[PDB]
Structure formats: C-alpha cells, structure tokens
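Engineer: so I've got this experimental structure, pasted below with the sequence.
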Amino acid sequence: XXXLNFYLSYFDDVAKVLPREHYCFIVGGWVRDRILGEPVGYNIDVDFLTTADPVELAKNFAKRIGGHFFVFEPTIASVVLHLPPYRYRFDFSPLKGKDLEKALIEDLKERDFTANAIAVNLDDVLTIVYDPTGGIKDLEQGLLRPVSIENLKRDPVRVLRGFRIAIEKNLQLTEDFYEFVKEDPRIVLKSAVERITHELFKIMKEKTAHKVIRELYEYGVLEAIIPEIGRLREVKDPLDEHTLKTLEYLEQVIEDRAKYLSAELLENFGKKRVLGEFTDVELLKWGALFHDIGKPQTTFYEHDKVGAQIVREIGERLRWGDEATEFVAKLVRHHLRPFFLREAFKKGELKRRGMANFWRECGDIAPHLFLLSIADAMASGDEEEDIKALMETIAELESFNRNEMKXXXXXXXXXXXXXXXXXXXXXXXXXXXXXX
RNA sequence: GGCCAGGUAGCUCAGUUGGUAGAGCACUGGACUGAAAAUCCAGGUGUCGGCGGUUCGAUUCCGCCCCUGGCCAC
C-alpha cells in the first residue's frame, strides 16, 4: 500500500446500496486515468471489487441510477447507463477470502499492467491506495509495466492493450514487454478473435494510431493477426513503408478534412456507426492499410479487385460486421478512381459523363475516397503540380454534385419513364410506344 | 444491456443488382432382382423466424421485435 480527484457522483449510489458490514474497492483504469490527471471523457468506465453480492449490488445500484443491469462470464456483473452525450459502464467483480487485504492484493497481482493494478477504498474516496505491483512508481516515470510476463501469457490479448494504452495514455512500454513480444508475437492468437478485432479497432480510433500500427508491423504482431500484410514486403518498388506512410498521411489529411472536402460531403462524415462504438473513420484507416493489398498477387492490373476480395476474406475471418467489411472492401476497390478521373481532368477529357458515372457508382464513400486519394498522392511523392491537379479534380466532382445535379409491366415501364424523366398523357403515350 | 453471425421442407444446407423455390439424407411407391443389398425413375400442402412500411410485385430493401450460438473485467 502506498500513499477529491477520485470522486464520481454515482459512487454515492454505491454507498446507499452497499451494506454496513461489506466493503467496496475502486480498481483499475479509472484510478490510473485520474492519477495521470487525464480528462474524464464523455465515456466513463469504472471497475469494482466488492465483498458483497455483486448481483444484488449491481441490481439495486442499477435501479438507483436508472441504468440497465446484466451479468456475464468467476462471473462478473455490469451496469450500463446510456444517454446521447454520456455513457457510463460499471463492472462489479467479487472478492472473497478470510483476509480482506490478502485477497485484494491476490487479485491485483493477477492484473495485466502496473498502472491498472492500483486500487483504492470506496469510502476513502467518498487517500490510501493499494499497489503491490508498484504502479505509481512506473506512472511517475511514464512507464507501463506488465505485472508479470506470465500474466501476459495467460491472457495474450493484453499484449495488444499494451500497445494501445501506451499510445492512448502516452506512456512508454518497458523493455521486457517488447522482448517478450519479440519472442512470440503469435501469442495473441491464443485469446478470442473478437477481442483482437475490438482492440485493433480501438487502436484505429485514436489519431496517433499509425505509430502503433507501425510498431505492430515491425514486431510482426500485425502479420500474425493479418498474414496478408506480410505479403506487402516481397515486392520492391518499399511497399510496406508506402502503405504505412500512406496511413500517417491519411490521418494528417483526416485532421485537415475541413479544408479539403466541401460542406455537404463533410456533413455526414464520421456519423456511420460500426461495431457499435466505431465510425467510418476507423474504416477509412483500415482502408488505407489495405489500399494496395493486391500488388503482390499480380505492372499490376487487377490489384484493386483482388484487393477487394482479399479485404472481404479478412473481414469474414476477423469477425467484423458485414457492413463494415463491405464498406472497407468497397473503399479498396475504388481506391484508384480519383487518380483516373484526375488523369481525365489533366488532359481536359473529363466531362459530365464520367462525373455522373463516378457519383452513380460510388457516392457513399466519396469523401473517404477523396481524402484517401489525397493521402496516397502524398505518400507516392507526386509533384505539387499533380497534387493540385487532383485536388482541383475533386473540386470539379464536388462542384458537379452540389449544383449541376438536381407481372413485369410496372418493372420496365416505371424504370424507363423514371430514367426518361431524369405532361402526364404525353409520357403515357411514350410508354405506349415503348410497349411496341 | 452492447456487438457479430445465422433463422428456408422432418433432419441438414446453397441462392451479388426485387418476379415465379433448389440439392442430399430420410420417407412413400416402383423397376433390375430366388431374395436382398446398392443403384436408377416418380412423389415437397415450405404461414423462406414474426408483425408493419416502399413497390403493381419482398426470402431479398427499410423499420421494430422473437429465438439460437459466439464475444463483452483489468
């Protein structure tokens, strides 16, 4: 054990439920988050270790705060409270033993990292902390240290969390972690697939993510999870450096998306929800990772379609959404289109036909496609003239869409009259002529 | 409570832009057979999980539910 800021309102609701003879402990992330003094976000996650009945506790607590109560999995209980601006999650876990303190420490020693192993008493919050793993000492040094490499081997998905949190909380992972990763990167494959997928996305969520992705490529964890990435190396132009730099540039372009896309294209950008907590932005970055996955398979003619099917296979395997992998695949197939239309514009051969076709085929990925094309044009070292030509091409497409665009009898006649419309009796006579 | 994948004949499974339904085991009858095996030919009354919505037309598109399975601490 080592010795106001730790306060959360709903902790009161924990005290008005929890019995007089039972004790409660605040454990894990929320402590670390607060020790770092990091801003409490709109998403709040708190973890508890209680000596009372987790089911009863969570039930009455949930009835108090007006959230939904549920249990899963050493069964752990949870309460979820969700309204549009803020979302709370409280995980309640059982703590049993003859000795309280010994049991608490016993639990804390099993956790993934030092900073996560810190715990406090709920009553002292409403300040003596428990960190047998010496978390705080590492937090002062800006270090993220696994409690044991055995703990990381027991639950290999933690190996991914290390990469995430270190970037997310801006900490430096210690040496034994990287050493152990170097040993067997493949270890992550021991835990469940959906957890790896979820962590991968959670990494793709933050804007420094390209650094972590590079770390996963160099340490070969990414290859272990996504084998098709390793096949970017066998072809020399450096393709892997090209794609990773394409990703970094895509994040830069994403931050600059306001000055590139028009207002109507920026309107709904980022609003598509995938896997519940993630947006089409993550899908954009994933699209940047896979933007050329087809070059090793095939000058490379068909590599975009091949890319699409490969991405589809990956989405199938890694248990993404159907709509998520569909979106990313569609993003990959069309990845070279703005360059083609750019080539049509530079020679002045681009007209209403090609624009109409472009907005017909894919209008949904248009902003994503534009940003991605810009990023790729940056990573390939295109001359400034070419870049500006591309951005003016994009300008022309948006300019075209914004203003300049304004048994079977039903099936063919309706479609034909709708196509011809894109004057009742006249059109009727036209349909009558269309019949013969 | 959240995400993901499935729901189609008794069992078990296909079906990328909307039309009228498909296989195999199994089951019934029949044929070659002293007999049978096994093989060939014929037989599917399916509220395409459920109720609405757009369409003349929904297994397919959209919306809301039901059921089964997989995941959900740090």
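Structural biologist: Okay, I see it. Residues are numbered from 1 along each chain as shown, chains lettered A, B, ... in the order given.
Engineer: find the residue closest to residue A:404 in space, skipping its chain neighbours.
Structural biologist: Closest residue to residue A:404 in three dimensions, ignoring its sequence neighbours and counting by CB to CB, 6 or more residues apart in numbering: residue A:352, at 7.8 Å. (C-beta placed from N, C-alpha, C; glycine too.)
Engineer: meant to ask about residue A:78
Structural biologist: Per CB to CB, 6+ apart, closest to residue A:78 is residue A:91, 5.1 Å.
Engineer: that neighbour should be in a strand, yeah?
Structural biologist: Yes - per DSSP: H, G, I helix; E, B strand; the rest coil, residue A:91 lies within a strand segment.
Engineer: that one and residue A:62, how far apart?
Structural biologist: Using CB to CB, to the nearest Å, one obtains 12 Å as the distance from residue A:91 to residue A:62.
Engineer: ok, residue A:13 next?
Structural biologist: To residue A:62, residue A:13 is 9 Å away according to CB to CB.
Engineer: about what we covered before: could you check how far the residue nearest to residue A:404 is from residue A:97?
Structural biologist: 76 Å.
Engineer: enumerate every residue touching residue A:10.
Structural biologist: Going by CB atoms under 8 Å, 6 or more residues apart in numbering, residue A:10 touches A:46, A:65, A:88, A:90.
Engineer: give the bridge partners for the first one, please.
Structural biologist: Spelled out, it's residue A:46. Applying DSSP bridges to residue A:46 gives these bridge partners: residue A:90.
Engineer: what about the strands in chain A?
Structural biologist: All strands of chain A, identified by DSSP state E, fall at A:24-27, A:43-50, A:68-72, A:76-82, A:87-94, A:119-121, A:129-130, A:143-144, A:172-173, A:273-274, A:278-279.
Engineer: okay, those strands in a markdown table with mean neighbour count and distance to residue A:246 next?
Structural biologist: A markdown table is the format used below for those (neighbours: other CB atoms under 10 Å; distance: least, CB to CB, whole Å):
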| stretch | mean neighbour count | distance to residue A:246 |
| --- | --- | --- |
| strand A:24-27 | 23 | 41 |
| strand A:43-50 | 19 | 30 |
| strand A:68-72 | 12 | 39 |
| strand A:76-82 | 18 | 36 |
| strand A:87-94 | 20 | 33 |
| strand A:119-121 | 20 | 43 |
| strand A:129-130 | 20 | 44 |
| strand A:143-144 | 22 | 28 |
| strand A:172-173 | 16 | 25 |
| strand A:273-274 | 16 | 21 |
| strand A:278-279 | 17 | 20 |
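Engineer: dump the residue contacts of residue A:19.
Structural biologist: Residue A:19 neighbours (CB under 8 Å, 6+ apart): residue A:52.
Engineer: same thing with residue A:405?
Structural biologist: Per CB under 8 Å, 6+ apart, neighbours of residue A:405: residue A:359.
Engineer: helices along the stretch 251-400 of chain A, start to end?
Structural biologist: A:257-260, A:263-267, A:280-289, A:303-317, A:322-333, A:337-346, A:352-361, A:366-379, A:384-402 (DSSP state H, counting those that start in this stretch).
Engineer: which one, of the ones you listed, ends up nearest to residue A:202?
Structural biologist: helix A:280-289 (8.9 Å; CB to CB).
Engineer: thinking again about what came up before, okay, now the residue nearest to residue A:404: neighbour count?
Structural biologist: For residue A:352, the neighbour count with other CB atoms under 10 Å is 10.
Engineer: redo the strands of chain A as CSV? Include distance to residue A:195.
Structural biologist: As requested, those are exported to CSV (distance: least, CB to CB, whole Å):
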stretch, distance to residue A:195
strand A:24-27, 20
strand A:43-50, 16
strand A:68-72, 14
strand A:76-82, 15
strand A:87-94, 15
strand A:119-121, 24
strand A:129-130, 27
strand A:143-144, 19
strand A:172-173, 19
strand A:273-274, 17
strand A:278-279, 15
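Engineer: how about these in a markdown table, adding distance to RNA strand B?
Structural biologist: Putting these into a markdown table (distance: least, CB to the nearest atom of the strand, whole Å) gives the following:
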| stretch | distance to RNA strand B |
| --- | --- |
| strand A:24-27 | 7 |
| strand A:43-50 | 4 |
| strand A:68-72 | 3 |
| strand A:76-82 | 5 |
| strand A:87-94 | 4 |
| strand A:119-121 | 9 |
| strand A:129-130 | 12 |
| strand A:143-144 | 11 |
| strand A:172-173 | 15 |
| strand A:273-274 | 6 |
| strand A:278-279 | 9 |
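Engineer: got a list of what the residue nearest to residue A:300 when sequence neighbours are not counted touches?
Structural biologist: Excluding its sequence neighbours, the residue lying closest to residue A:300 (CB to CB, 6+ apart) is residue A:294, at 6.7 Å. Shown in contact with residue A:294 (CB under 8 Å, 6+ apart): A:300, A:302-307, A:310.
Engineer: do residue A:67 as well
Structural biologist: Counting by CB under 8 Å, 6+ apart, residue A:67 touches A:79-82, A:88.
Engineer: interface residues of the stretch 1-150 of chain A facing RNA strand B?
Structural biologist: With CB under 7 Å from any atom of the strand as the criterion, the stretch 1-150 of chain A comes near RNA strand B at residues A:27-29, A:32, A:45, A:47, A:68, A:70, A:72-73, A:76, A:78, A:80, A:82, A:91, A:93, A:110-112, A:116-117.
Engineer: got the residues of the stretch 201-350 of chain A near RNA strand B?
Structural biologist: A:274-277, A:319-324.
Engineer: can you tell me which of these are buried?
Structural biologist: The neighbour-count criterion (16 or more other CB atoms under 10 Å) marks A:274-275, A:320-321, A:324 among these as buried.
Engineer: any idea how far the residue nearest to residue A:404 lies from residue A:344?
Structural biologist: Taking CB to CB, one finds residue A:352 at 12 Å from residue A:344.
Engineer: wait, doesn't residue A:180 sit right on residue A:148?
Structural biologist: No - at 10.4 Å, residue A:180 and residue A:148 do not qualify as touching, with contact defined as CB atoms under 8 Å.
Engineer: name all residues that make contact with the residue nearest the centre of chain A.
Structural biologist: Centroid check for chain A by CA atoms, centre = their mean gives residue A:201 as the closest residue, at 3.0 Å. By CB under 8 Å, 6+ apart, the contact list for residue A:201 reads A:275, A:277-278, A:282.
Engineer: want to try CSV for those, with distance to residue A:138 as columns?
Structural biologist: Formatted as CSV, those follow (distance: CB to CB, whole Å):
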residue, distance to residue A:138
A:275, 32
A:277, 28
A:278, 30
A:282, 30
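Engineer: what about residue A:331, neighbour count?
Structural biologist: Count around residue A:331 with other CB under 10 Å applied: 26.
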